[PDB]
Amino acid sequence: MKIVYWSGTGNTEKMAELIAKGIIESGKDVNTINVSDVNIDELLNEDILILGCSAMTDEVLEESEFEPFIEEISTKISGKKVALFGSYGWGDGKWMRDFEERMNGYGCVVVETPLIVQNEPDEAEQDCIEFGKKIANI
């Protein structure tokens, strides 16, 4: 499996590692890839795309790297399963509500409720691991 993410200070990156740990504990393998090093053709071979990005600017996806990546794959993911996650700071998840609506609009099947954690996942560590386990069970 593959987890692609963008993280500005490391919060979403930490979530990614924990979600990976959950998948691995379930007995499967998984690679975490920062959005800047992703190979789209390979990524499209996956049955489930696990994507993460923190809330940026004003409730939107990071603009210089993550957003273009989503635009890039938008036309080639109809019918694919996707799981979404990310950290946020002061809002209440508007950027994630929009991200989920967007992926749905592209024809994707959002397999689970998106996982959002405020700031660093300290207390939510197990929640991240459990999300990974849910994904590994699909």
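Just count from 1 along the sequence shown to find any residue number.
Looking at 31-39 and 109-117 together, the entry lists the larger mean B-factor for 31-39, computed on C-alpha atoms.
Looking at mean Cα B-factors across 45-53 and 96-104, the upper value is held by 45-53. Between the residues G79, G86, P68, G91, it is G79 that shows the highest Cα B-factor in the PDB record.
Sort the modelled residues of the chain by CA B factor and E130 lands in the lowest third. Among all modelled residues in this chain, the alpha-carbon of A124 has a temperature factor (C-alpha) in the highest third.
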